[PDB]
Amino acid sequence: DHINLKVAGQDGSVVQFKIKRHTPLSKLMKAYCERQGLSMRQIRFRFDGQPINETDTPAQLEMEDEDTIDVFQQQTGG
């Protein structure tokens, strides 16, 4: 059916979402970056350490109710 979750950023800020399952999480990812104003190529949406790609759904991922999606930014290095 549907489940709620929180997308906690590195600054501890929460953005609540509900989603169906077997639907791509691409839209949830797009909505989060539309708010932070930053490009999505800047942000990585990882759940329990697993990279969420646009084809991933909460069904194939372990995600249950009240779960949390950690948000990390791009790492460059030289």
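One rule holds for the numbers: they count along the sequence shown, beginning at 1. Superpose the two forms; the largest set of C-alphas matching within 1.5 Å is the rigid core.
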Overlaying the structures in 4 other deposited structures of this protein on the rigid core, point out which of 4 to 12 and 69 to 77 has the bigger RMS C-alpha shift. 69 to 77
Between 24 to 32 and 37 to 45, the one whose CA atoms sit farther away in 4 other deposited structures of this protein (rigid core aligned): 37 to 45
Of the two stretches 30 to 38 and 44 to 52, which shows the higher Cα B-factor on average in the entry? 30 to 38
Between 66 to 74 and 53 to 61, the record assigns the higher mean Cα B factor to 53 to 61
Is the Cα B-factor recorded for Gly9 in the lowest, middle or highest third of its chain? middle
